[PDB]
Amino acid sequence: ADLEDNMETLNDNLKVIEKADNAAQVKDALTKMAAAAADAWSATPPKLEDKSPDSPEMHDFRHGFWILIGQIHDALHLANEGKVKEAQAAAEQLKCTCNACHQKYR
């Protein structure tokens, strides 16, 4: 999938999580977010297309995805233990990772 596609995926499932009222539905969305983040990890953003694939910018870019992934994985674990509220709380702070990368490269 393209970056925009993964981003929309991240966005959609994020919304599902905020409303879900059962662990089953949160686990499903998080797994799906993990997949999208894993795929965007290697994408080259428009604003950085003119940079070295090994530039400080791209390294920081990929670093954001490595962070997000860790956070999604951490949240998925909480959901697996059936802690919907905690899982949901984790997703709120996770938004900050989304936002930090956007401020820099969107």
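One-based numbering along the sequence shown.
Here 71 to 79 and 54 to 62 are compared by their mean Cα B-factor, and 54 to 62 comes out higher. Two stretches are in play, 10 to 18 and 87 to 95, and the higher mean C-alpha B-factor belongs to 10 to 18. Annotation for residue 34: C-alpha temperature factor in the lowest third relative to the rest of the modelled chain, per the entry. Ranked by C-alpha B-factor against the other modelled residues of its chain, residue 100 falls in the lowest third.
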